[PDB]
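So the structure is just underneath, and the comments pick up after that.
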Amino acid sequence: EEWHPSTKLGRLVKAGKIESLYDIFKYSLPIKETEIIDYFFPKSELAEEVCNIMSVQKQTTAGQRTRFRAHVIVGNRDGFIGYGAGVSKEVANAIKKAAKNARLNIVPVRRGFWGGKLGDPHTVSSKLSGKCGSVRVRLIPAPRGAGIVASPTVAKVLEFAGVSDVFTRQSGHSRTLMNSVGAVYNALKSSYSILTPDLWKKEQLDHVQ
Amino acid sequence: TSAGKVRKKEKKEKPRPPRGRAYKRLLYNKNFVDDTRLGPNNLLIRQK
Amino acid sequence: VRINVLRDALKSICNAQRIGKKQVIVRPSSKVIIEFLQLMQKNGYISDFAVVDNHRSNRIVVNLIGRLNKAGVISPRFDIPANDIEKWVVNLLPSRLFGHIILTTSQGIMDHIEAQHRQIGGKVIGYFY
Amino acid sequence: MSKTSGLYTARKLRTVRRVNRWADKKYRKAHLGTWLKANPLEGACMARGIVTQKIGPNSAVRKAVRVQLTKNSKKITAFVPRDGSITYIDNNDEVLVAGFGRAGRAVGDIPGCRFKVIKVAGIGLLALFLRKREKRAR
Amino acid sequence: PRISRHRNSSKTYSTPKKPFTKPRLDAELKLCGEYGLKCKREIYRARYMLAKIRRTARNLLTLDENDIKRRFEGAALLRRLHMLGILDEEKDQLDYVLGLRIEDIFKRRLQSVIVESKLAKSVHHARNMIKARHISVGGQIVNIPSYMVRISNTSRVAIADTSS
RNA sequence: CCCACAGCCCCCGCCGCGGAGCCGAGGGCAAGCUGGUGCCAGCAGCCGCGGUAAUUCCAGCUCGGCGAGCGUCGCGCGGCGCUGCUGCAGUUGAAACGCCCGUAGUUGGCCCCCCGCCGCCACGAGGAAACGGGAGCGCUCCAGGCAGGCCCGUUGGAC
RNA sequence: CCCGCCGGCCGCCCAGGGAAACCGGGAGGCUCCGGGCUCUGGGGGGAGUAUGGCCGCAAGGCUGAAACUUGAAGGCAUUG
Ligand SMILES: [Mg+2]
Ligand SMILES: [Mg+2]
Ligand SMILES: [Mg+2]
Ligand SMILES: [Mg+2]
Ligand SMILES: [Mg+2]
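Protein chains in written order, with the authors' numbering: chain C, 25 to 233; chain e, 9 to 15, 20 to 48, 55 to 66; chain W, 2 to 130; chain X, 1 to 56, 62 to 143; chain J, 2 to 165.
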């Protein structure tokens, strides 16, 4: 029936004490309930997409046991992206699990300018690199109007994250879709962890929360 | 035995589809303005 | 044998900064090292340092503040035409807004921004950001 | 490192690349000359010869013919693509023979076939297959 | 030899590297329908011109503002854009050029300028009348649908005096 | 009107033919229903189809791409960071000489503020255009060319 | 006896790295990819074969192709 918070953060979100998701991310608080985001994302601002569905088998005494692994990404096209996977005996159940996991884990994306500054940010802040398996990715900021120079799979992730200009290079076995998606996800995740001369400002900490 | 052993319905004499841009205009209304499931049996069942 | 002192110094600096230390010791001092450190200090990356005279390749001590992200050198010092700097900036630096490239010119050691200002070229030494 | 990097080392790098670029199979094939002398077509897109004998995990007999190139006098084997096209080919007849998709290597399940028939007696084989042209002159 | 050998010539369009792409096909068909494009070569031509402008703007922007060549070429490019009506009058900084889109190029075609004036019912009707030489620019009649009008010539477009 | 003469373009009168093909529909790669044949005939650049529903052969219907053009064969560049200066790899996938000495070759710590020479950077002189870039110009547009109106920078063909 | 320094031979191991097994006195400091020098390799066979050259009493060693053929051969690890 009604959603009953099972966590302290969940109860606080049930109340109006927390007003934005950046107030959660800035303290590295984990998210364990799908409601903690949908309450912050009620409208259909976000969007879900199925990337790849693969079947995996386990040999046994009499025949093989088959199952499906699924990958799903979600984003609002405004500095928010998520990626998850799920496995189950049924394709639909695997899709639901993957969607839930993608919703659960999410990170903000920092965006910047190429050379000139004017209007809202349109490309990644700087060069971002990611790694997963044998796959490495490079994201280089591009001028306005340059579009997204990337493969169809990576381009979908960039569009969901909300980036309109970027140059990409892929190395390794890129035909392994999950590893490429993970590499780009990690590169995007690293964005809010690189120190720049603009962030050198020394701010005193606040006791509240 | 004879080669080409493996090797007739009256042609549907219908007005030719328009040529040039008018053909392009046809598809625009075909996929959006006009109700479509592209190519399944049920769609072909309806058109008969 | 020892060849590039600056490379050793920069590698030691980055190694110390990685594990959040506060002071490093570099063994063979030299003028180029001192100018490199002066530029780094002027741009606000490594605070202050001191040189200890022993009559034999003086040592040097630097104090860090956890701002430096990466430093390195280009061993075969290539020549950079005054109009061929943006290619190297794109290839080497994370962005065109922040980061520095060090060149040695007939006018002395200077940042690539200054060289662009005076429309001159020279040889490349290193880079940091 | 594992590569020479001194400021006065252009000659060594040049000779290293010169020596080591010969290890690539494609580059050798293209710039060694043995392939040029061995290829019956002698670098041409297609050649002209004369028919001399009609012959034959998938188990499907294929129809082909033996050809003797006019300009070179050597013997090769060519394959007749379409269905029932062997009848259009008669013993001791002039044909135009081209290559397959792959330059040199065999295509498909056909063993040792690298040439294709495209024109017979001055009329396109595919055109004859669709009845566009006719062989009543022969 | 013949003097005709020294005449120049060049292509005017670029083909996509990946032909089959569903979003691209949808967008191209959409644009063709709105602007009544005869075929897909016009889109390639527009992309070519846009790429040329963008490359010029990039090369100029890579330099310092107080560079004589930068001032010269930027002034020339901005004057051309303003005269052709692709860029708005109030914009004078080189940055605004890089955000341009082919729709802006298309909107200055003769069919579009006569349709926005209410002189034609639709783009297709506009093309049909243009082919039948019933329109005039200034004192001259133009029968090329792709003819591009200039801002100072927009108000001088009318119906051909001799047209029936 | 033009033209050495004839065309052609363009202009003025009368009468008035509106004609689309080439490839494909299992995947790469956008596009699906009946009838034949039965590992035969055939398709298939690669994976593969065909031994009684053949989503792949042969035909009809329908559909997709480009379009006055489409397809096939060979070569070059790209793809390819699979020739790697930028920028590969060398424990086990291909690959560190059995070890030492050693010439040619390549590379060589730190130090003197102001002189000479070599490299280096910047500027300049001198030296064909055409091509390429690029300022200006409405050959009806365009590919193009160096023009045009009038009261023309000495009109211009700058660099 | 225990507290150290230099040199050498070993074991376990946080980071970090890697396809992983594993290394961590490096196989780390590297797509955020430039310390110096030398050697080797470019899908699997044909083949370390043929023909030449040098060496050796010989057995043999060093150097070392092409035509043609083929769609995979291999590494580490998981379930049976
Ligand atoms: Mg082995
Ligand atoms: Mg090995
Ligand atoms: Mg490297
Ligand atoms: Mg390799
Ligand atoms: Mg080999």
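For every residue, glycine included, the Cβ atom is placed at its ideal position computed from N, Cα and C.
Report the option in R78(W), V27(W), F50(W), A51(W) whose CA atom is closest to the CA atom of residue 199(W). A query on residue 199(W) cannot be resolved here, the shown segment of chain W reaching from 2 to 130 and no further.
Please confirm whether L30(J) has its beta-carbon closer than 8 Å to some beta-carbon of chain e. Indexing the fifth sequence from 1 puts residue 30(J) at position 29. Closer than 8 Å: yes.
Compare the C-beta of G57(e) with all C-beta atoms of chain J and state if any pair is closer than 8 Å. Here residue 57(e) refers to the residue found at position 39 when the second sequence is read from its first residue. Not closer than 8 Å to any Cβ of chain J, the Cβ of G57(e) fails to qualify, so no.
Please tell me whether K39(J) has its Cβ less than 8 Å away from any Cβ of chain e. Within the fifth sequence, numbered from 1, the residue matching residue 39(J) stands at position 38. So yes, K39(J) belongs to the interface.
So with CB distances below 9 Å, who are the chain e contacts of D88(X)? Translated into positions along the fourth sequence, residue 88(X) becomes position 83. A11, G12, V14, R15, listed in chain order.
Segment contact flag, the segment 86 to 93 of chain X with the segment 102 to 118 of chain X, C-beta cutoff 8 Å, min 3 pairs: no
Rounded to whole angstroms, what's the CA-CA distance from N76(C) to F184(C)? Just pull it up for me. As a first step, residue 76(C) is located in the first sequence; it is residue number 52 there, counting from the start. As a first step, residue 184(C) is located in the first sequence; it is residue number 160 there, counting from the start. Cα to Cα, the separation comes out at about 16 Å.
Under 7 Å between beta-carbons, which chain C residues line up against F99(W)? List them in chain order, please. Sequence index remark: in the third sequence, residue 99(W) carries index 98 (1-based). Chain C residues near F99(W): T220, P221.
I need the DSSP call for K124(W), collapsed to helix, strand or coil. In the third sequence, residue 124(W) corresponds to position 123, counting from 1. Note: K124(W) maps to strand in three-state DSSP.
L212(C) beta carbon less than 8 Å from that of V159(C): Within the first sequence, residue 159(C) is the residue found at index 135, counting from 1. Within the first sequence, residue 212(C) is the residue found at index 188, counting from 1. Taking 8 Å as the Cβ cut-off, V159(C) and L212(C) do not qualify as a contacting pair.
With which residues is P116(X) paired in a DSSP beta bridge? Taking the first residue of the fourth sequence as 1, we reach residue 116(X) at position 111. BP columns for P116(X) are empty, so no partner.
In chain order, what residues of the same chain have a beta carbon less than 8 Å from the beta carbon of residue 9(C), not counting five sequence neighbours either side? Because chain C is modelled from 25 through 233, residue 9(C) falls outside the range shown and cannot be assessed.
Can you check whether the C-beta of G34(J) is within less than 8 Å of a C-beta belonging to chain e? In the fifth sequence, counting from the first residue as 1, residue 34(J) sits at position 33. By the rule that beta-carbons nearer than 8 Å mark a contact, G34(J) touches chain e.
What is the DSSP secondary structure of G75(J), counted as helix, strand or coil? Position 74 of the fifth sequence, counting from 1, holds the residue named residue 75(J). Note: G75(J) maps to helix in three-state DSSP.
What is the rounded straight-line gap between the Cα of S58(W) and the Cα of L223(C)? The count along the third sequence starts at 1 and reaches residue 58(W) at position 57. The count along the first sequence starts at 1 and reaches residue 223(C) at position 199. The alpha-carbon atoms of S58(W) and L223(C) are separated by roughly 38 Å.
Contact between the segment 34 to 44 of chain X and the segment 71 to 91 of chain X: three or more CB pairs below 8 Å? yes
Can you give the beta carbon distance from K29(X) to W35(X), rounded, assuming they're within the 8 Å contact cut? Position 29 of the fourth sequence, counted from the start, is the residue given in the question as residue 29(X). Position 35 of the fourth sequence, counted from the start, is the residue given in the question as residue 35(X). Rounded, the Cβ-Cβ distance is 5 Å, consistent with contact.
Which value, in whole angstroms, describes the spacing of the CA atoms of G75(J) and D68(J)? Here residue 75(J) refers to the residue found at position 74 when the fifth sequence is read from its first residue. Here residue 68(J) refers to the residue found at position 67 when the fifth sequence is read from its first residue. If I take the Cα positions, the gap works out to 10 Å.
Coarse secondary structure for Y63(C), derived from DSSP in three states: Stepping through the first sequence from its first residue, residue 63(C) is reached at position 39. DSSP places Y63(C) in coil when its eight states are reduced to three.
Roughly how many angstroms separate the alpha carbons of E66(J) and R72(J), rounded to a whole number? Taking the fifth sequence and counting its residues from 1, the one referred to as residue 66(J) is at position 65. Taking the fifth sequence and counting its residues from 1, the one referred to as residue 72(J) is at position 71. Near 7 Å, if we compare the C-alpha coordinates of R72(J) and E66(J).
Check whether chain C comes within 8 Å of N92(W), counting only Cβ atoms and requiring the distance to be less than that. Here residue 92(W) refers to the residue found at position 91 when the third sequence is read from its first residue. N92(W) does not count as touching chain C.
What is the DSSP secondary structure of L7(W), counted as helix, strand or coil? By 1-based counting over the third sequence, the position of residue 7(W) is 6. Helix.
May I ask you to verify whether the segment 91 to 105 of chain C touches the segment 183 to 202 of chain C, counting CB pairs closer than 8 Å and requiring at least 3? Because the criterion of three Cβ pairs below 8 Å is met, the segment 91 to 105 of chain C and the segment 183 to 202 of chain C touch.
Reduced DSSP category for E26(C) - H, G, I as helix; E, B as strand; rest coil: By one-based count along the first sequence, residue 26(C) stands at place 2. Of the three classes helix, strand and coil, the one that applies to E26(C) here is coil, per DSSP.
Looking at the unbroken alpha helix (DSSP H) that takes in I105(C), where does it start and where does it end? As a first step, residue 105(C) is located in the first sequence; it is residue number 81 there, counting from the start. Note, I105(C): premise wrong, no alpha helix (DSSP H); beta strand (DSSP E) at 104 to 112.
Is any beta-carbon of chain J found at less than 8 Å from that of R31(e)? Against the second sequence, residue 31(e) aligns to sequence position 19. Judged by the 8 Å Cβ criterion, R31(e) is not in contact with chain J.
Please list, in chain order, all residues of the same chain as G136(C) whose beta carbon is under 8 Å from its beta carbon, the five residues on each side excluded. As a position in the first sequence, residue 136(C) is number 112, starting the count at 1. These residues qualify, in order along the chain: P145, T147, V148, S149, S150, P165.
Contacts around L69(W), its chain only, beta-carbon distance under 6 Å, and the 5 residues preceding and following it disregarded: For the purposes of this step, residue 69(W) is identified with residue 68 of the third sequence, where counting begins at 1. Around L69(W): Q18, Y46.
Segment contact flag, the segment 26 to 43 of chain J with the segment 117 to 128 of chain J, C-beta cutoff 8 Å, min 3 pairs: With the cut-off at 8 Å, the segment 26 to 43 of chain J and the segment 117 to 128 of chain J touch.
Please confirm if the segment 93 to 109 of chain W is in contact with the segment 22 to 34 of chain e, defined as three or more CB-CB distances below 8 Å between the two stretches. For the pair of segments examined, the segment 93 to 109 of chain W was found not to touch the segment 22 to 34 of chain e: the number of CB pairs separated by less than 8 Å stays below three.
Reduced DSSP category for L152(C) - H, G, I as helix; E, B as strand; rest coil: Here the question's residue 152(C) lines up with position 128 in the first sequence. It is a strand residue.
Determine, using beta carbons only, whether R102(J) and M149(J) come nearer to each other than 8 Å. Start at 1 with the first residue of the fifth sequence, and residue 102(J) comes out as number 101. Start at 1 with the first residue of the fifth sequence, and residue 149(J) comes out as number 148. No; because the gap between Cβ atoms is not below 8 Å, this pair is not in contact.
Note down the Cα distance separating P82(W) from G122(W), rounded to an integer number of angstroms. In the third sequence, counting from the first residue as 1, residue 82(W) sits at position 81. In the third sequence, counting from the first residue as 1, residue 122(W) sits at position 121. Approximately 5 Å between the Cα atoms of the pair.
Classify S48(W): buried if its beta carbon has 16 or more other beta carbons within 10 angstroms, exposed otherwise. As a working note, residue 48(W) is residue 47 in the third sequence. It counts as exposed.
C-beta atoms of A207(C) and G154(C) nearer than 8 Å: The sequence position of residue 207(C) within the first sequence is 183, counting from 1. The sequence position of residue 154(C) within the first sequence is 130, counting from 1. For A207(C) and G154(C), yes; Cβs fall inside 8 Å.
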